[PDB]
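Down below is the structure, laid out as C-alpha cells.
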Amino acid sequence: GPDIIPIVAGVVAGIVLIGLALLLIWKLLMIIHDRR
C-alpha cells in the first residue's frame with residue numbers, strides 16, 4: 001500500500017523475532033520435562 005512500507009519493515013521484522021524467540025525459550029521448557 002501507499003505510505004505503509006515503513007510500518008511493515010518494523011512490524012514484519014518483529015514478527016520474525018517473536019516466532020524465533022518463542023521457539024528458543026521453547027527448548028528451555030522441553031529440556032526440563034525431557035529428563036522428568
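Identifiers in this document derive from the order of the C-alpha cells: chains are assigned A, B, ..., residues are numbered from 1 separately in each chain, and ligands are numbered from 1 in order of occurrence.
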May I have all residues of chain A that DSSP, computed from the backbone, assigns to alpha helix (DSSP H), given as number ranges by chain? A: 5-33
Limited to C-alpha atoms, could you put the picked residues into a file as a short mmCIF file (atom, residue, chain, number, x, y, z; two decimals), in the first residue's frame?
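File produced: out-v1.cif:
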```
data_model
loop_
_atom_site.label_atom_id
_atom_site.label_comp_id
_atom_site.auth_asym_id
_atom_site.auth_seq_id
_atom_site.Cartn_x
_atom_site.Cartn_y
_atom_site.Cartn_z
CA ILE A 5 6.16 0.23 3.77
CA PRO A 6 7.91 1.99 6.73
CA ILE A 7 5.42 0.30 9.07
CA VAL A 8 5.83 -3.16 7.54
CA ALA A 9 9.62 -3.01 7.87
CA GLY A 10 9.12 -2.63 11.61
CA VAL A 11 6.19 -4.98 12.25
CA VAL A 12 7.04 -7.71 9.74
CA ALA A 13 10.51 -7.73 11.30
CA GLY A 14 9.38 -8.09 14.90
CA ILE A 15 7.04 -10.88 13.83
CA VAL A 16 10.04 -12.96 12.76
CA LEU A 17 11.80 -12.25 16.05
CA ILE A 18 8.78 -13.36 18.10
CA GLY A 19 8.42 -16.63 16.23
CA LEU A 20 12.11 -17.29 16.82
CA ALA A 21 12.29 -16.10 20.43
CA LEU A 22 9.39 -18.38 21.33
CA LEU A 23 11.00 -21.42 19.71
CA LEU A 24 14.20 -20.70 21.64
CA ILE A 25 12.61 -20.45 25.08
CA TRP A 26 10.56 -23.41 23.93
CA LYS A 27 13.64 -25.63 24.11
CA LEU A 28 14.18 -24.43 27.69
CA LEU A 29 10.70 -25.69 28.57
CA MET A 30 11.01 -29.13 26.96
CA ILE A 31 14.58 -29.62 28.19
CA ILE A 32 13.13 -29.86 31.69
CA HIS A 33 10.36 -32.38 31.03
#
```
